[PDB]
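Presented as structure tokens, the chain that follows is alone, the form deposited in one PDB entry.
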């Protein structure tokens, strides 16, 4: 079973402290892309990985527990399929014209202004986004959507955030 299969994966990846650190995450993500010649990437760097862990570390242990890793891992597998699916010219990267359809397929309906800002921060000079950049951006987008949703208690579409909360959300990510 996939549940039995996942505990085994996590158990082996987590190791001695029973949690997945940024380094352990980096190593497994780099092993995976190595098996996919259709995914162009300069590799998952340690900083990108420290960022992914921080943003997914709900309980501030500094590392990823079973549930935190299960959530991240399931998303990455779903997003990896979308990436292959929307790279219609097989450039191994998500071009600017390919980006909106890929994000929308992922469940994020943004606007032209936001898509342009995403491209300015996450794509290269040619306007192309490689695999590690794509996954890194989606992990953060999903987390920022979840953070806003949880702060929007009244369902008014506006949130109030104090300086302490602001610093915690932006610095630990």
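C-alpha atoms forming the largest set that superposes within 1.5 Å between two forms make up the rigid core. Shifts are known only where both forms have a C-alpha. Residue numbers count along the first chain shown, from 1.
As listed in the deposited structure, the average C-alpha B-factor of 36 to 44 and of 125 to 133 is greater for 125 to 133. If you average the C-alpha B-factors over 104 to 112 and over 45 to 53, the higher value belongs to 104 to 112.
Going by the entry's values, 96 shows the largest Cα B-factor out of 74, 91, 80, 96. Per-chain ranking of the deposited C-alpha B factor places residue 67 in the highest third. Placement of the Cα temperature factor of residue 167 within the chain: lowest third of the modelled residues, per the deposited record. In the deposited entry, the Cα temperature factor of residue 16 places it in the highest third of its chain's modelled residues.
Sorting the modelled residues of the chain by their CA temperature factor places residue 24 in the lowest third.
Compared with the other modelled residues of the chain, the Cα B-factor recorded for residue 120 ranks in the highest third.
Form solved in complex with a partner chain: not shown, discussed below.
Although the partner is absent here, residue 86 sits far enough away that none of its heavy atoms falls within 4.5 Å of the partner chain in the bound PDB entry.
In the bound PDB entry, at least one heavy atom of residue 80 sits within 4.5 Å of the partner chain. The closest non-hydrogen atom of residue 9 lies within 4.5 Å of the partner chain in the bound PDB entry. Considering only residues present in both forms and aligning them on the rigid core, one finds just one run of three or more residues with C-alpha shifts of 2 angstroms or more between the shown form and the other one, namely 1 to 5.
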